[PDB]
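Have a look at the structure below before the remarks.
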Amino acid sequence: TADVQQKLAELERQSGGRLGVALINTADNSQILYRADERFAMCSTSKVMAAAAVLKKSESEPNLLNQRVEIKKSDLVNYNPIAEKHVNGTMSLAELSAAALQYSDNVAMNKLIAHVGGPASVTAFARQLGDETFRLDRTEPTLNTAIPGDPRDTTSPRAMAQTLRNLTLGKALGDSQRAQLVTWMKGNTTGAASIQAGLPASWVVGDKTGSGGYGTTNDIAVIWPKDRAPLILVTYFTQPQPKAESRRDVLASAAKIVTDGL
Ligand SMILES: *[B@@-]1(O)O[C@H](CNS(=O)(=O)c2ccc([N+](=O)[O-])cc2)c2ccccc21
Ligand SMILES: [Cl-]
Ligand SMILES: [Cl-]
Ligand code: NA
Ligand code: NA
Ligand code: NA
């Protein structure tokens with residue numbers, strides 16, 4: 001609709017920032033796109049690709065997910081809600097994946113990154129899936145600086161929506177691994193104020209949020225609307241001021257705009 005485009009442009013104008021949206025509606029294989037080829041700092045939405053890389057690795061390495069990883073004081077970073085409870089013990093790669101995806105734990109993300117060989121390995125995994133846009137450059141916490149004009153640790157809404165479709169609804173991962181990713185995302189604890197806040201209460205969502213510098217506020221989701229084919233929605237938002245506050249309401253508003261009528 002021209003109307004949906006006008007509404008997204010009006011939302012962006014009023015928000016004061018830069019908004020990126022990609023909706024894929026699998027009912028009819030249609031898309032709604034807004035700045036969908038521009039780059040945005042992913043922040044913690046990048047944790048989906050890191051967990052998926054570990055899941056892919058596990059397809060050839062049974063018991064990979066049970067492998068123990070030491071958590072040390074030296075591993076702590078700036079947001080460690082789960083890992084701080086396990087200092088001086090180990091967590092399994094499954095537990096680290098769940099902590100990264102469901103609590104957005106940054107130690108957990110760093111362990112996923114390290115396990116697969118670092119940010120360039122996460123990026124190479126994206127390339128193997130056919131995503132030639134995603135780039136993970138840094139580890140936690142520096143990957144969240146979100147400086148305007150900086151391509152590090154960015155992707156586009158179109159690419160992330162297409163890749164998330166592949167990961168959650170398509171065949172990027174084996175059936176067990178795909179189901180595990182979906183189960184983890186459906187159990188996310190951090191997304192109630194973002195895409196979920198713009199959808200009817202009855203709809204089921206698996207999502208991963210991200211927040212960072214420049215008031216960057218993001219969410220990527222697979223959505224099961226009541227009695228409808230699933231949707232994929234990416235909403236990325238960033239602001240001009242280094243210390244801008246988060247704007248999860250902008251993501252909720254974008255979600256409402258693009259799903260009105262469904
Ligand atoms: B990354 O973007 O995710 C974590 C946590 N982000 S957060 O903004 O601190 C947050 C948002 C929402 C919730 N919630 O439960 O609703 C909890 C935390 C992170 C931290 C630091 C840097 C990057 C990321
Ligand atoms: Cl409702
Ligand atoms: Cl977040
Ligand atoms: Na980023
Ligand atoms: Na991407
Ligand atoms: Na959400």
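Since every read-out is calculated from the coordinates, none of them should be taken as a lab result. Neighbour counts are summed over all protein chains in view; Cβ atoms, including those assigned to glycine, are modelled from backbone coordinates with ideal geometry.
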With respect to the numbered conditions (1) charged (D, E, K, R); (2) surrounded by fewer than 19 Cβ atoms within 10 Å (Cβ to Cβ); (3) away from ligand 1 (no atom under 14 Å from the Cβ), which one is the sole condition not fulfilled by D131? (2)
Exactly one of these conditions fails for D227: (1) on the phi > 0 side of the Ramachandran plot; (2) within 16 Å of ligand 3 (Cβ to nearest atom); (3) without any contact (Cβ under 8 Å) to a residue 24 or more places away in the chain. Give me its number. (2)
Residues that are aromatic (F, W, Y) and more than 12 Å from the chain's Cα centre (by Cα): does the stretch 109-126 have at least one? yes
In the stretch 102-128, how many are surrounded by 20 or more Cβ atoms within 10 Å (Cβ to Cβ) and part of a loop (DSSP other than H, G, I, E, B)? 2
Picked from the stretch 142-178 (must be away from ligand 6 (no atom under 16 Å from the Cβ) and small (G, A, S)), the residue nearest to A36 (Cα to Cα) is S156
